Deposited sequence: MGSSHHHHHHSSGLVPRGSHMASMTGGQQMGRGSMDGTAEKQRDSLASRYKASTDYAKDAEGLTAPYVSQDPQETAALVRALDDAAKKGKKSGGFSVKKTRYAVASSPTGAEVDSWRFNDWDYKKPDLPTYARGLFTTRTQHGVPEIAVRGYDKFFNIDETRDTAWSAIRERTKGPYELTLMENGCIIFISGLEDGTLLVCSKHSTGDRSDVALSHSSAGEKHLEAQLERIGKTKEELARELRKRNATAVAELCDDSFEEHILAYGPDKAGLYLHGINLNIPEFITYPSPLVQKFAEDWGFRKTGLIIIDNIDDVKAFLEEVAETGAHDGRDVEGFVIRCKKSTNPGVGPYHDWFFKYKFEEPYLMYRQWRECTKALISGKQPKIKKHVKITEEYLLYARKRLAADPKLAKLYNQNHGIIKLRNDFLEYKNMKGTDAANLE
């Protein structure tokens, strides 16, 4: 529309002030108590302990994974998606890593029905581009160690190490170190939340060539049981200061404009000339509208097409490579032709199957077929 994803916000961020809330050891220990009771099953959580290989005090961290069901229940001790717990060298219990609260796509839950959002949220609405990769958490442990995790893990080429290597490069580029980053993040009591996007490491659906590749900072959260997240202009500033790639942002005051905007982009699945997987919308939510305490609250707007078709193509090719039956659920006749074109490309280049299995060549194979068909991915999806 007349709206533009932008990355020049970081300079209005000087008027704003980062939120800060310290950790209450008592609060944290009760949260861990309740988490361990849920791990002692017989809501349900699963706990995994990891060493922190570069921690000079041998810190360990405990990752808590809920299944997506439990987040729709009331009365959970926390709603973090991605949560890591620890004891410092002095025995203090702490949240080492806190992700976003599990958030949901439009119409996926009662709260993410458009009518529910109109009623129970207030603006302004932060429209943050949804980069297509894997989530990466970064924080600073008490002994100065820079902790890098994937959504539920941190050992070793794991996603978390690939994320860390990328962080090492960006910090080298700006002449800063991990230890300075760890001190800054602990100073803020915060987890940095980034999307790792690199076709050379792993392909997803949209492309990320050698430029464009790296860690896209889209969030900073307070390491506390409750959900408090930085406003996105403050995130973009932190990205600049610490060498992250920034996540594009639109701010729309009115919620009816948000719906119309998101629907317009959804016709193409593209915005400002670039393909876009979706938006994550950030605002304040009330238990019941009118007044009430407002807390931070996200919802997803994941554009259905042509990305569903691309995803079906990905899974159908893997099923072709493996011996399993390709699941054709949508875009029937064009997927018929895609699967025949793929079979021929595999016959003429037998090593593709191994590569495709390891998530290299997904995007190229799709784009080659669309070339052969002389179509844009959008029109192929619209058949």
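What the model leaves out of the deposited chain are the segments 1 to 47, 90 to 94, 209 to 213, 441.
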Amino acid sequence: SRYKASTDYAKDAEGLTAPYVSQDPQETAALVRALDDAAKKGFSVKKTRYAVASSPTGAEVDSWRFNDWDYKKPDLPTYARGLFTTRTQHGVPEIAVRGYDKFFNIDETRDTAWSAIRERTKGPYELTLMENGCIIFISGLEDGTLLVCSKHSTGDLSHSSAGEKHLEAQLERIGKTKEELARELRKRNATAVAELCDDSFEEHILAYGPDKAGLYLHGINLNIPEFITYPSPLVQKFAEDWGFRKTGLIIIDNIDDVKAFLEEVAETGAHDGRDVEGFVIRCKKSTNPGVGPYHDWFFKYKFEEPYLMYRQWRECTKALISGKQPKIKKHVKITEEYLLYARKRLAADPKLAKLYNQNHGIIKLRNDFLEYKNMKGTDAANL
From here on, numbers count along this sequence of modelled residues.
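Mean C-alpha B-factor is higher over 49 to 57 than over the other stretch, the pair under comparison being 49 to 57 and 315 to 323. The mean C-alpha temperature factor is higher for 115 to 123 when 76 to 84 and 115 to 123 are set side by side. Of the candidates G99, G155, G214, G140, it is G155 whose Cα B-factor is highest according to the PDB record. If you compare the C-alpha temperature factors of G248, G219, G292, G209 in the entry, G292 comes out highest. For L370, the recorded CA temperature factor ranks within the middle third of the chain's modelled residues.
For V21, the recorded CA B-factor ranks within the lowest third of the chain. Only modelled residues enter the ranking. In the PDB entry, a CA B factor belonging to the middle third of its chain's modelled residues is recorded for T335. Placement of the Cα temperature factor of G273 within the chain: highest third of the modelled residues, per the deposited record. When the modelled residues of the chain are ordered by C-alpha B-factor, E131 sits in the lowest third.
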